[PDB]
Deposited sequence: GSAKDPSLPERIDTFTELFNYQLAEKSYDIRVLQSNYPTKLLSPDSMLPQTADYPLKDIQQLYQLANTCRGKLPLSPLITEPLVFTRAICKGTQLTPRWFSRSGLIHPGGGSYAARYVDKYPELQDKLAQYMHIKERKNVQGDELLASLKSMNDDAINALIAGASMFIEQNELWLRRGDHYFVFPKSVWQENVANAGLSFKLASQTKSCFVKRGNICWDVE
């Protein structure tokens, strides 16, 4: 019984009608563009532009007083802020979402116009958003460390989120507590460490490095 065979056995020992939570990946995809989930989005994107471009961008942002086509959309946004031009939710929805300095256009816009928070929150990076009562998915996403959220972005078959197992079945993730998954690990004859806990990760699924028990 190979390791990938034991992993298949492991996934078949769960009762998916008994998961504590489940999320439709297609609904997740509709509500959360990848750019609003990726940890990299919150870091400066400025390396993806020739210096002469960003030179135009911060001169414009800092003084409100450029040629490259690649900088068109950041220019439109910067000019809009400088001038008081209204940017609608549809504008944000059709934009690249992420500002060259890191973070979202929408979070910067709401900084200038705080009353727009609720209308524009869906165009902000999850790391910029506040949790909302009853929005369990947004809470689940915000609490994921980088390895976990990156496994989810990749559509990984499984990953560990703190002490809970997220298990993909079809187009859904089903979430199980340690009481359930640690038994199924043992019953499949497996053991694992997280990718952040070991250097040797020969059989990897999401952030899980599998081995025999």
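What the model leaves out of the deposited chain are the segments 1-5, 71-73.
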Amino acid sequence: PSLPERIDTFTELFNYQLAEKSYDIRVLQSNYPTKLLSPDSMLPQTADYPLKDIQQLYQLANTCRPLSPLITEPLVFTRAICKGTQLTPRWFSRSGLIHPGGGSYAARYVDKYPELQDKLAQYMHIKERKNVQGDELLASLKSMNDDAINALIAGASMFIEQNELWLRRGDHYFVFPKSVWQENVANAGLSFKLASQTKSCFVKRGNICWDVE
From here on, numbers count along this sequence of modelled residues.
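Per-stretch averaging of Cα B factors for 11-19 and 196-204 places 196-204 on top. In this crystal structure, the stretch out of 67-75 and 90-98 whose C-alpha atoms carry the higher mean B factor is 67-75. Between the residues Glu161, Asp146, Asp53, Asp171, the entry's highest C-alpha temperature factor is the one at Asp53. If you compare the C-alpha temperature factors of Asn62, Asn150, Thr34, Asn184 in the entry, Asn62 comes out highest. In the deposited entry, the Cα temperature factor of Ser179 sits in the middle third of values across the chain's modelled residues. Residue-level temperature factors show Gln45 in the highest third of its chain, judged at the C-alpha atom. In the deposited entry, the Cα temperature factor of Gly84 sits in the middle third of values across the chain's modelled residues.
In this PDB entry, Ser104 carries a Cα temperature factor that places it within the lowest third of its chain's modelled residues. Ranked against the other modelled residues of its chain, the C-alpha B-factor of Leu167 as given in the entry falls in the lowest third.
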